[PDB]
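S.K.: Below is the structure I would like to discuss, written out as structure tokens.
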Amino acid sequence: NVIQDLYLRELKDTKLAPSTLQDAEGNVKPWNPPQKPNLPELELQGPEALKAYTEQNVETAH
Amino acid sequence: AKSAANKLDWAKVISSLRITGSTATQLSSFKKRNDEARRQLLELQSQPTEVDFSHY
Amino acid sequence: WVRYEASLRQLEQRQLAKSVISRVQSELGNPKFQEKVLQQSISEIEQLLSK
Amino acid sequence: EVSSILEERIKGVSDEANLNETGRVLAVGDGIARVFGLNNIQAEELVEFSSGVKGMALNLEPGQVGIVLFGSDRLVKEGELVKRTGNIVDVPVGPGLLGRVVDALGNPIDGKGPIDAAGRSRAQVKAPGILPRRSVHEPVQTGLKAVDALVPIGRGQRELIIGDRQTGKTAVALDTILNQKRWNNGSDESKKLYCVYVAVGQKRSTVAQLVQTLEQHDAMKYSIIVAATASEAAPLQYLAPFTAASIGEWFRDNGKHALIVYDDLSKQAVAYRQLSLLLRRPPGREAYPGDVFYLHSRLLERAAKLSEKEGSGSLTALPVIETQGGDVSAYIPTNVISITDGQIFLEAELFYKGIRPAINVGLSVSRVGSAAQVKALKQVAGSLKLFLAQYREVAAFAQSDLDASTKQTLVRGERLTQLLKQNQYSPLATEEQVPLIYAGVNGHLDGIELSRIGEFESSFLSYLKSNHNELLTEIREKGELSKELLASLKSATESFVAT
């Protein structure tokens, strides 16, 4: 009755048309791609270490 | 595995007590413990690597 | 992304809510306001006889 | 989508039926209305006014009925038509209330739409008899040392938490919910509490912070939050604990373990006071009505550890009492204390004076708490309460010269007190609490200098896991400290002490 009038009028005349994905993006955290932090190269590598170790490990303190 | 390393380590800490030297021993012990403990917190930190797009 | 998606649905719903209010003001203007009293009357006649 | 859901809803409006309805409002305001008619009305019915608000019929009188408006008076007015719901006040109860904030009308204030609820159940329901009641055996673990040790807490019990306002009052309870994340996210339903946080009389903002914290710890999914904020109307506040307990009882009556924290029942007292006064029933001591005892007692005893017949359900109550100045003889606090098993009085002075969490060991008791404790936490924690009530004695009379016996106790005691403290909103695991208590009790922390106690704890735990988490796994499953484990632990702890 009142259900029908309201139903008809409301449903028919209401047209969705929301924000684009581009507009949406601002209101969200955007996609993150791979991070790719490389491979760090550590100490105790190179002949800096070797000469150091021969010499250093010739005398140590108590 | 890692527990073997630590059993020998701490046995050696209280042995190193009984001999001269400790100047850079504790820094070495600190370092291996540090990263080992970092890795333990990593290994507990780890959640599955994958987006559960089944529901999402 | 899911969160804002839910937010957009809520925003759509409140937009359609003020559109419902607009439709109500329109309904109460019409002499459907008069004519539907007859509909309620006959419906109540049927209803109360079904009691 | 939004159109379809709305359309489904519009379709779900379909016809009104004839039936005994209609009273007409007369004298109204003062939050009660006097309605004419409603000739046959069940007592304590829910009526819905055509002011679009509902009230609970209280006084059925010859020729008049006096509804009490459960909701705002603003919309109610004279000569309005009051329609009988026809049903006694019931609230939806079920399984789907889990992880949904709801208000007192059960309206989803999480706004995740309609709640899935198995049934509805009457707001007032009598407590189970003597025969359905099995003595407690399963513990509740809060993850906070001394709150499990010194204060032993077990399922079903009405274990009071009393203390002073906004001493992070909420936090003690939040930590409990958080520790039991581990067990509740378990697969054993005997190890699943379904915990209900009743937020009464708190700012809606504050509740929103709580909700956000709970969802940050992803704890929402095993817990319900019922909300009746300070702004929300006093009759709604009056019915708020009762309704929450009905929901709790559905879990309990699934035989499944549950817990309910009633924050803060003291604010229910003020509400019931308001209601009573507005019903102009005579006031009692401290102006709190004489049926205030009945109000609290009927609420509290619905929380219980039932027997095997009832499927051994629990509904562990933790009611949170807000003392005005630490007025421990105040009428409302004393009345609650008498009902409740134990007290968990929190020492405000110490709280301010940097003991977080601060537990007044003297004013903390647990009537039947200690047989809920698991054997590991009985053995390791054996006599630590006595020891720290020797610390209590020692520091009592410390205020000149100290005999070496006394000094030894003081050195241990002070250090042990440091050990009790925890970082607010970050509780420890149950497994972890066993060694820490072991250390101090077995006197390993006697020597540890005061400054390094915090270091000792973290390092000790890291040590234990790295050296042998095998021990901890054993104590995790066995839950009893064997002689071999005790010796092994003594050895291991001594090993940590060395480093």
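Numbering, chain D: per Swiss-Prot, residues 44-442, 445-544 in sequence.
If you're wondering, the header gives electron microscopy, 4.8 Å.
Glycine residues also receive a Cβ, built from the backbone N, Cα and C atoms like all the rest.
What Swiss-Prot records for this protein is below:
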BINDING   D:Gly206, D:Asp207, D:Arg208, D:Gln209, D:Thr210, D:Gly211, D:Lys212, D:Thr213  ATP binding site
MOD_RES   D:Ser57  phosphoserine
MOD_RES   D:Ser178  phosphoserine
SITE      D:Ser407  site 'Required for activity'
S.K.: With an 8 Å cut-off on Cβ-Cβ distance and a minimum sequence separation of at least 6, pull the same-chain contacts of D:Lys212 (ATP binding site), or say none.
M.R.: D:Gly206, D:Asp306, D:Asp307, D:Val363, D:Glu365
S.K.: Going by C-alpha positions, which of the recorded positions (D:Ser57, D:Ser178, D:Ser407) is nearest D:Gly211 (ATP binding site)?
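M.R.: Out of the listed candidates, the nearest Cα belongs to D:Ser407.
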S.K.: Measure from each Cβ of the recorded positions D:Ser57, D:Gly206, D:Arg208, D:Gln209, D:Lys212 to the Cβ atoms of chain A, and list in sequence order the residues where some distance is under 8 Å, or 'none'.
M.R.: D:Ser57
S.K.: Going by Cα-Cα distance, which of the recorded positions (D:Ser57, D:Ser178, D:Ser407) sits nearest to D:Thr210 (ATP binding site)?
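M.R.: Closest recorded candidate to D:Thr210 (ATP binding site) by Cα: D:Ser407.
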S.K.: DSSP three-state call for D:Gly211 (ATP binding site): helix, strand or coil?
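M.R.: For D:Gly211 (ATP binding site) - judged by DSSP and reduced to three states - the answer is coil.
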S.K.: What is the nearest of the recorded positions D:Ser57, D:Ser178, D:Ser407 to D:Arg208 (ATP binding site), using the Cα of each?
M.R.: D:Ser407
S.K.: Go through D:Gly206, D:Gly211, the listed binding-site residues, and name the one with the sparsest Cβ surroundings, counting other Cβ atoms within 10 Å.
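M.R.: Fewest other Cβ atoms within 10 Å, among the binding-site residues D:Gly206, D:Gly211, is found for D:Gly211.
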S.K.: Sequence gap of 6 or more, C-beta under 8 Å: which same-chain residues meet both conditions with respect to D:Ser407 (site 'Required for activity')?
M.R.: D:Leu193, D:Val194, D:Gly385, D:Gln386, D:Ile387, D:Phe388
S.K.: Give me the sequence-ordered set of same-chain residues, not including D:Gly206, D:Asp207, D:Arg208, D:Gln209, D:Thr210, D:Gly211, D:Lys212, D:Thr213, with a C-beta within 8 angstroms of the centroid of the ATP site's C-beta atoms.
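M.R.: Other same-chain residues with Cβ inside the cutoff are D:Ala214, D:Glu365, D:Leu389.
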S.K.: If one measures from the C-alpha of D:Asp207 (ATP binding site) to the C-alpha of D:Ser57 (phosphoserine), what distance in angstrom results, rounded to a whole number?
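M.R.: With the alpha carbons as reference points, the distance is 53 Å.
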